[PDB]
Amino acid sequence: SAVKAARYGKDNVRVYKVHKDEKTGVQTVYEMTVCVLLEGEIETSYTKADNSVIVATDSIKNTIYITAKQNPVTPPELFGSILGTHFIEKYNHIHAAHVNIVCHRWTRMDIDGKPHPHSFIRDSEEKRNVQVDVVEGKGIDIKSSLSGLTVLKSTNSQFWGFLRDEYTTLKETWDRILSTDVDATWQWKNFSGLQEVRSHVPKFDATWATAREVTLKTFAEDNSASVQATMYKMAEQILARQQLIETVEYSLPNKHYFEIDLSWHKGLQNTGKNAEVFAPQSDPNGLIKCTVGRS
């Protein structure tokens, strides 16, 4: 037997950082959960009880905190690139570092209509994430995403013209609820190293903002023929607005809201044009995926 694949490291590392402007008094906070997994010439730790090749996961944890102390933690694409680069440069025998960062929201409070200098609210469980793979001799591969963006529209969603056979019970509809939890990922052109990542730094926040804006506006405004058709429009627009993206991926649950026929009770009309009260379904759920690239 032989080791065909191996990686190891520290997961679920919670990190907070504060920036304090002593001149203005304005403080800004960042909170993340970080995972770093390493690959390299580590097989003997598995096959021969050779711990000499192991950079302890505890040490990886320490390194995450040290790197956050010595560098900006934003944008997460940059921080993850710095962190991953560190491991492959510091340790000859480590040849890849896989850095996942989940960024938690701490939005500055407005109090009596003015932004507060040091108070924040978790205004959504929506996350901004990165997956930064630093692979020695193969640059830096970055996937950026937003996830946990939960939305609903109460009309201007349709679903008709789907295949009908002996397995089909679903009624066609021209007016339904659509709700989802958006998971949207944009995959960057490979970067050659940390200099090239740094050279594009403003594009990371800008592209995240674009992706979010396009997602919301397209969801709100598209009189949707299907989840498939709507999500494709989102992806093509994001690709058109950032040439350093190669692909955009969406993964969207269709979180069903079922009509409730109440006509058995005193002839109450609660379906079709009269539908007001619905049963949100926790499960099951449609799950619709696609990855869009350029032709």
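Numbering starts at 1 and follows the sequence shown.
Looking at mean Cα B-factors across 223-231 and 261-269, the upper value is held by 261-269. Of the two stretches examined, 206-214 and 111-119, the record assigns the greater average C-alpha temperature factor to 111-119. Highest C-alpha temperature factor among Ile177, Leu149, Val135, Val130 per the entry: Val135.
Considering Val53, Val29, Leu38, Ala68 together, the PDB entry gives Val53 the largest C-alpha B factor. When all modelled residues of the chain are sorted by CA temperature factor, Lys153 is found within the lowest third. Ranked by C-alpha B-factor against the other modelled residues of its chain, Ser251 falls in the lowest third. Among the modelled residues of the chain, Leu83 sits in the highest third by CA temperature factor in this PDB entry. When the modelled residues of the chain are ordered by C-alpha B-factor, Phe159 sits in the lowest third. In this PDB entry, the Cα temperature factor of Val99 sits in the bottom third of its chain's modelled residues, the lowest group.
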